[PDB]
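Visitor: Please find input.cif (mmCIF, C-alpha atoms) on the next line:
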```cif
data_coords
loop_
_atom_site.label_atom_id
_atom_site.label_comp_id
_atom_site.auth_asym_id
_atom_site.auth_seq_id
_atom_site.Cartn_x
_atom_site.Cartn_y
_atom_site.Cartn_z
CA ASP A 1 -3.92 3.02 -15.08
CA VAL A 2 -4.77 4.15 -11.58
CA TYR A 3 -5.62 7.79 -11.00
CA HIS A 4 -6.87 9.51 -7.87
CA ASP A 5 -7.29 12.93 -6.30
CA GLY A 6 -5.09 14.33 -3.55
CA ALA A 7 -2.37 12.13 -2.11
CA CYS A 8 -2.11 8.50 -1.08
CA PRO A 9 -5.44 7.15 0.19
CA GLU A 10 -6.20 5.83 3.66
CA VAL A 11 -3.99 2.86 4.42
CA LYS A 12 -3.00 1.79 7.92
CA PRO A 13 0.66 0.76 7.78
CA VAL A 14 2.25 -1.95 9.89
CA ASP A 15 1.96 -1.14 13.57
CA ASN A 16 5.44 -2.48 14.17
CA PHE A 17 7.40 -3.70 11.17
CA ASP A 18 9.88 -6.45 11.97
CA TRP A 19 12.68 -7.47 9.63
CA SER A 20 12.92 -10.58 11.76
CA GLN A 21 11.34 -12.77 9.10
CA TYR A 22 10.45 -10.25 6.43
CA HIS A 23 13.82 -10.37 4.71
CA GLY A 24 16.19 -12.51 2.68
CA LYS A 25 15.23 -13.31 -0.90
CA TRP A 26 11.74 -12.39 -2.03
CA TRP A 27 10.07 -12.65 -5.42
CA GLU A 28 7.15 -10.64 -6.75
CA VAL A 29 3.77 -12.34 -6.79
CA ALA A 30 0.65 -10.33 -7.54
CA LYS A 31 1.87 -6.97 -8.77
CA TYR A 32 -0.04 -4.72 -11.14
CA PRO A 33 0.70 -5.64 -14.76
CA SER A 34 1.36 -1.95 -15.27
CA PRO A 35 0.21 -0.07 -18.38
CA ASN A 36 3.08 -0.65 -20.78
CA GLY A 37 3.66 -3.90 -18.93
CA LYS A 38 7.28 -4.00 -17.83
CA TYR A 39 8.50 -6.69 -15.46
CA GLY A 40 10.94 -9.55 -15.03
CA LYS A 41 10.55 -12.38 -12.55
CA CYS A 42 14.08 -13.70 -12.81
CA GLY A 43 16.14 -11.70 -10.36
CA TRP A 44 17.66 -12.05 -6.91
CA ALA A 45 17.26 -9.44 -4.20
CA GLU A 46 18.43 -9.58 -0.60
CA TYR A 47 17.75 -7.52 2.50
CA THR A 48 20.66 -6.38 4.64
CA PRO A 49 20.16 -4.71 8.03
CA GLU A 50 21.76 -1.30 8.42
CA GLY A 51 20.61 -0.40 11.91
CA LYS A 52 16.90 0.33 11.78
CA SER A 53 17.06 0.42 8.00
CA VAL A 54 17.39 -2.56 5.69
CA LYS A 55 19.19 -2.27 2.38
CA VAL A 56 17.48 -3.80 -0.63
CA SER A 57 19.05 -4.61 -3.98
CA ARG A 58 16.91 -5.75 -6.89
CA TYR A 59 18.29 -7.11 -10.14
CA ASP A 60 16.53 -8.98 -12.91
CA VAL A 61 15.78 -8.96 -16.62
CA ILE A 62 12.60 -7.04 -17.35
CA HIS A 63 11.23 -8.03 -20.73
CA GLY A 64 14.55 -8.96 -22.31
CA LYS A 65 16.28 -6.06 -20.60
CA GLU A 66 18.75 -6.10 -17.73
CA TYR A 67 17.09 -4.10 -14.98
CA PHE A 68 18.22 -3.07 -11.51
CA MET A 69 16.63 -1.04 -8.75
CA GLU A 70 17.81 -0.87 -5.16
CA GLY A 71 16.86 1.20 -2.14
CA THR A 72 17.19 0.96 1.62
CA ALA A 73 14.10 0.75 3.79
CA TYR A 74 14.03 3.33 6.56
CA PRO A 75 11.30 4.46 8.96
CA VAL A 76 9.94 7.85 7.96
CA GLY A 77 8.62 8.56 11.43
CA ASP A 78 7.58 6.31 14.29
CA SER A 79 9.98 3.39 14.09
CA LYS A 80 7.16 1.10 15.17
CA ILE A 81 4.49 2.10 12.68
CA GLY A 82 5.28 1.35 9.05
CA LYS A 83 5.91 4.53 7.11
CA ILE A 84 9.12 3.17 5.62
CA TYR A 85 10.51 5.26 2.79
CA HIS A 86 12.73 3.62 0.20
CA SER A 87 15.67 5.66 -1.02
CA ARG A 88 16.04 5.25 -4.76
CA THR A 89 19.13 6.78 -6.32
CA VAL A 90 19.42 7.51 -10.03
CA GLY A 91 22.36 8.71 -12.09
CA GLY A 92 23.19 11.90 -10.23
CA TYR A 93 19.94 12.32 -8.34
CA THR A 94 18.31 10.87 -5.25
CA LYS A 95 14.64 10.71 -4.35
CA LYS A 96 13.10 9.66 -1.06
CA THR A 97 10.12 7.42 -1.74
CA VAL A 98 7.58 6.87 1.01
CA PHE A 99 6.15 3.36 1.06
CA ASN A 100 3.38 2.70 3.54
CA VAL A 101 3.32 -1.01 4.24
CA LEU A 102 -0.32 -1.67 5.06
CA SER A 103 0.03 -4.92 6.97
CA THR A 104 2.33 -7.85 6.30
CA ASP A 105 2.13 -11.39 7.63
CA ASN A 106 5.89 -11.77 7.51
CA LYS A 107 5.56 -15.34 6.29
CA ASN A 108 5.65 -15.89 2.55
CA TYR A 109 4.00 -12.68 1.40
CA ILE A 110 4.21 -8.93 1.90
CA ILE A 111 1.66 -6.21 1.22
CA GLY A 112 1.98 -2.45 0.90
CA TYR A 113 0.85 0.67 -0.93
CA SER A 114 2.56 3.62 -2.57
CA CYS A 115 1.10 6.54 -4.48
CA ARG A 116 3.16 9.34 -5.98
CA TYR A 117 1.78 12.84 -6.39
CA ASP A 118 1.78 14.46 -9.81
CA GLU A 119 2.08 18.23 -9.93
CA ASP A 120 1.25 18.04 -13.62
CA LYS A 121 -2.03 16.20 -13.21
CA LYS A 122 -2.41 17.77 -9.78
CA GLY A 123 -3.86 14.56 -8.42
CA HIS A 124 -1.71 11.48 -7.90
CA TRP A 125 -1.11 7.96 -9.15
CA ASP A 126 -0.88 4.58 -7.46
CA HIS A 127 2.14 2.29 -7.51
CA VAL A 128 2.50 -0.84 -5.41
CA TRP A 129 4.04 -4.28 -5.69
CA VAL A 130 3.53 -7.61 -3.96
CA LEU A 131 6.41 -9.74 -2.74
CA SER A 132 6.48 -13.45 -1.98
CA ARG A 133 9.35 -15.28 -0.34
CA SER A 134 8.54 -18.05 -2.79
CA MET A 135 8.12 -17.64 -6.53
CA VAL A 136 4.59 -18.84 -5.87
CA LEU A 137 2.26 -17.64 -3.13
CA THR A 138 1.21 -20.56 -0.98
CA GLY A 139 0.57 -21.64 2.60
CA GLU A 140 -0.77 -19.19 5.15
CA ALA A 141 0.78 -16.66 2.79
CA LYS A 142 -2.14 -17.19 0.44
CA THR A 143 -4.42 -16.36 3.35
CA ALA A 144 -2.57 -13.15 4.13
CA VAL A 145 -2.88 -12.19 0.48
CA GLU A 146 -6.43 -13.50 0.46
CA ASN A 147 -7.61 -11.74 3.60
CA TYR A 148 -6.02 -8.52 2.40
CA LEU A 149 -7.50 -8.84 -1.06
CA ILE A 150 -10.89 -9.86 0.28
CA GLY A 151 -10.84 -6.62 2.24
CA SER A 152 -9.13 -4.70 -0.53
CA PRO A 153 -9.78 -1.00 0.15
CA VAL A 154 -8.28 0.06 -3.16
CA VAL A 155 -5.95 -2.71 -4.28
CA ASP A 156 -8.35 -4.18 -6.81
CA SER A 157 -7.24 -7.78 -7.08
CA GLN A 158 -9.29 -8.05 -10.25
CA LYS A 159 -6.74 -5.59 -11.57
CA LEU A 160 -3.65 -7.10 -9.99
CA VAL A 161 -1.88 -9.97 -11.71
CA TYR A 162 -0.15 -12.97 -10.18
CA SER A 163 3.36 -14.00 -11.15
CA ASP A 164 3.71 -14.62 -14.87
CA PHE A 165 7.06 -14.12 -16.55
CA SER A 166 7.99 -17.45 -18.09
CA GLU A 167 11.49 -18.42 -19.14
CA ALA A 168 10.83 -16.20 -22.13
CA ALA A 169 10.99 -13.30 -19.70
CA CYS A 170 14.46 -14.22 -18.50
CA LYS A 171 15.61 -15.50 -21.87
CA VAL A 172 17.11 -12.47 -23.58
CA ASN A 173 17.38 -11.92 -27.32
CA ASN A 174 20.78 -13.41 -28.03
CA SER A 175 22.43 -12.55 -24.73
CA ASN A 176 23.53 -14.00 -21.41
CA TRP A 177 24.05 -17.58 -22.52
CA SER A 178 21.58 -19.85 -20.78
CA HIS A 179 20.93 -23.56 -20.33
CA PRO A 180 17.99 -25.50 -21.78
CA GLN A 181 15.70 -27.88 -19.94
CA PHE A 182 13.33 -30.79 -20.40
CA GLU A 183 9.82 -31.93 -19.54
CA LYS A 184 8.63 -35.45 -18.85
#
```
In structure tokens, what does this structure look like?
Guide:
Amino acid sequence: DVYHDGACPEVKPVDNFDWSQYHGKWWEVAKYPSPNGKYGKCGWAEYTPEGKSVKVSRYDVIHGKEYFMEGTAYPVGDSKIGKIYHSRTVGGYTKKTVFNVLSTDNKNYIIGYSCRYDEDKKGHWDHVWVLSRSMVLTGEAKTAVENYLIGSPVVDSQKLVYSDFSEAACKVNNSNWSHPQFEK
């Protein structure tokens, strides 16, 4: 539950986003546990370059439920500066989402910030997610996430929540046969 007045707050996006490293397969790390709490850390998403823009396809099982959400990343304005809107298509409708990527380290973690405006509430809401090349945030990546958090302008870490899905997450109620495991 994150409510605010006006539109997205003050957040300086990447001066010059580079898909050089920031790409491939990434997995969520510390992303708001949401209200209803809907997530699934058991998917595989890749980033394909499409000339300036980079396609992104996400697919996983959110709380015993096959989920999928893709969207290309394109520069809203200045190619350099962040301001990269993600196109999210649905059924027979398309919406252009603007995602301002504060500042990424392009190592093993990625930060950002997105807030959608509500004409009903007048104000707006916040909606962001944290990515981590590795299922677990480590190395200098931790620093990037640490530094950012430390100087969290709005992103209240105390609110955020680090990875936490558990096989149970993936494991679906009688579906998609899976393989067991073992522990020393």
Visitor: Counting all atoms listed in the file, what are the residues of range 74-124 of chain A within 12 Å of range 135-138 of chain A, and for each of them which pair of atoms is the nearest and at what distance in Å, to one decimal? Sort the table by chain and rising number, as a tab-separated table.
Guide:
```
residue	atom	partner	partner_atom	distance
A:107	CA	A:138	CA	10.0
A:108	CA	A:137	CA	6.8
A:109	CA	A:137	CA	6.9
A:110	CA	A:137	CA	10.2
```
Visitor: May I have the residues from that selection written out with C-alpha atoms, as a JSON list (two decimals), in the coordinates of the input?
Guide:
```json
[["chain", "number", "residue", "atom", "x", "y", "z"],
["A", 107, "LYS", "CA", 5.56, -15.34, 6.29],
["A", 108, "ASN", "CA", 5.65, -15.89, 2.55],
["A", 109, "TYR", "CA", 4.00, -12.68, 1.40],
["A", 110, "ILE", "CA", 4.21, -8.93, 1.90]]
```
Visitor: Using the chain letters and numbers from the file, which residues does the PyMOL selection byres ((chain A and resi 148-160) around 9) grab, as an MDAnalysis selection string?
Guide: chainID A and resid 9:11 30:34 103 111 113 128 143:147 161:162
Visitor: Selected by the PyMOL selection byres ((chain A and resi 87-90) around 9) in the shown coordinates: which residues, as a ChimeraX atom specification?
Guide: /A:69-74,85-86,91-98
Visitor: Name the residues that the PyMOL selection byres ((chain A and resi 16) around 9) pulls out of this structure, and write them as a ChimeraX atom specification.
Guide: /A:13-15,17-18,79-82
Visitor: Report, in Å with one decimal, the straight-line distance from CA of residue 65 in chain A to CA of residue 45 in chain A.
Guide: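 Computed distance, CA of residue 65 in chain A to CA of residue 45 in chain A, equals 16.8 Å.
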Visitor: Using all atoms listed in the file, find the one residue out of A:139, A:40, A:112, A:6 that sits nearest to residue 171 in chain A.
Guide: A:40
Visitor: Please indicate the distance in Å from CA of residue 47 in chain A to CA of residue 24 in chain A, rounded to one decimal place.
Guide: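 Spanning CA of residue 47 in chain A to CA of residue 24 in chain A is a straight-line distance of 5.2 Å.
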Visitor: I want to know what sits within 12 Å of residue 5 in chain A, based on all atoms listed in the file, with residues of the same chain fewer than 2 positions away left out; could you give that as a list in words?
Guide: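 Within the cut-off, the hits are residues 2, 3, 7, 8, 9, 115, 116, 117, 118, 119, 121, 122, 123, 124, 125 and 126 of chain A.
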Visitor: Please compute the CA of residue 170 in chain A-CA of residue 61 in chain A distance, one decimal, in Å.
Guide: 5.7 Å
Visitor: Could you check the closest approach to residue 42 in chain A for each of A:183, A:105, A:120, A:164 and tell me which residue wins, using only C-alpha atoms?
Guide: A:164
Visitor: Rebuild N, CA and C atoms on range 119-135 of chain A, as a PDB file, keeping the file's coordinate frame?
Guide:
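File written: part-v7.pdb
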```pdb
ATOM      1  N   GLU A 119       2.340  16.799  -9.915  1.00  0.00           N
ATOM      2  CA  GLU A 119       2.080  18.230  -9.930  1.00  0.00           C
ATOM      3  C   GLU A 119       1.534  18.652 -11.298  1.00  0.00           C
ATOM      4  N   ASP A 120       1.714  17.771 -12.270  1.00  0.00           N
ATOM      5  CA  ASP A 120       1.250  18.040 -13.620  1.00  0.00           C
ATOM      6  C   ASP A 120      -0.256  17.762 -13.698  1.00  0.00           C
ATOM      7  N   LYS A 121      -0.638  16.596 -13.199  1.00  0.00           N
ATOM      8  CA  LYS A 121      -2.030  16.200 -13.210  1.00  0.00           C
ATOM      9  C   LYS A 121      -2.716  16.723 -11.940  1.00  0.00           C
ATOM     10  N   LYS A 122      -1.897  17.237 -11.035  1.00  0.00           N
ATOM     11  CA  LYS A 122      -2.410  17.770  -9.780  1.00  0.00           C
ATOM     12  C   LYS A 122      -2.663  16.623  -8.808  1.00  0.00           C
ATOM     13  N   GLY A 123      -3.517  15.705  -9.238  1.00  0.00           N
ATOM     14  CA  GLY A 123      -3.860  14.560  -8.420  1.00  0.00           C
ATOM     15  C   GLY A 123      -2.615  13.716  -8.109  1.00  0.00           C
ATOM     16  N   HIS A 124      -2.797  12.405  -8.170  1.00  0.00           N
ATOM     17  CA  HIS A 124      -1.710  11.480  -7.900  1.00  0.00           C
ATOM     18  C   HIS A 124      -1.982  10.146  -8.586  1.00  0.00           C
ATOM     19  N   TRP A 125      -0.985   9.274  -8.539  1.00  0.00           N
ATOM     20  CA  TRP A 125      -1.110   7.960  -9.150  1.00  0.00           C
ATOM     21  C   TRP A 125      -0.763   6.914  -8.088  1.00  0.00           C
ATOM     22  N   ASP A 126      -1.137   5.677  -8.380  1.00  0.00           N
ATOM     23  CA  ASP A 126      -0.880   4.580  -7.460  1.00  0.00           C
ATOM     24  C   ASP A 126       0.247   3.707  -8.029  1.00  0.00           C
ATOM     25  N   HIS A 127       1.028   3.142  -7.120  1.00  0.00           N
ATOM     26  CA  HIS A 127       2.140   2.290  -7.510  1.00  0.00           C
ATOM     27  C   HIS A 127       2.536   1.394  -6.336  1.00  0.00           C
ATOM     28  N   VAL A 128       2.183   0.123  -6.452  1.00  0.00           N
ATOM     29  CA  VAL A 128       2.500  -0.840  -5.410  1.00  0.00           C
ATOM     30  C   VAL A 128       2.972  -2.144  -6.053  1.00  0.00           C
ATOM     31  N   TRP A 129       3.542  -3.004  -5.221  1.00  0.00           N
ATOM     32  CA  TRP A 129       4.040  -4.280  -5.690  1.00  0.00           C
ATOM     33  C   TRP A 129       3.901  -5.296  -4.554  1.00  0.00           C
ATOM     34  N   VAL A 130       3.683  -6.545  -4.939  1.00  0.00           N
ATOM     35  CA  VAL A 130       3.530  -7.610  -3.960  1.00  0.00           C
ATOM     36  C   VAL A 130       4.754  -8.528  -4.021  1.00  0.00           C
ATOM     37  N   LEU A 131       5.250  -8.875  -2.841  1.00  0.00           N
ATOM     38  CA  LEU A 131       6.410  -9.740  -2.740  1.00  0.00           C
ATOM     39  C   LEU A 131       5.990 -11.086  -2.146  1.00  0.00           C
ATOM     40  N   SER A 132       6.759 -12.112  -2.480  1.00  0.00           N
ATOM     41  CA  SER A 132       6.480 -13.450  -1.980  1.00  0.00           C
ATOM     42  C   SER A 132       7.779 -14.244  -1.858  1.00  0.00           C
ATOM     43  N   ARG A 133       8.140 -14.530  -0.615  1.00  0.00           N
ATOM     44  CA  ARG A 133       9.350 -15.280  -0.340  1.00  0.00           C
ATOM     45  C   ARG A 133       9.572 -16.347  -1.418  1.00  0.00           C
ATOM     46  N   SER A 134       8.483 -17.011  -1.776  1.00  0.00           N
ATOM     47  CA  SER A 134       8.540 -18.050  -2.790  1.00  0.00           C
ATOM     48  C   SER A 134       7.993 -17.526  -4.114  1.00  0.00           C
ATOM     49  N   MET A 135       8.545 -18.053  -5.197  1.00  0.00           N
ATOM     50  CA  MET A 135       8.120 -17.640  -6.530  1.00  0.00           C
ATOM     51  C   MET A 135       6.607 -17.780  -6.686  1.00  0.00           C
TER      52      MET A 135
END
```
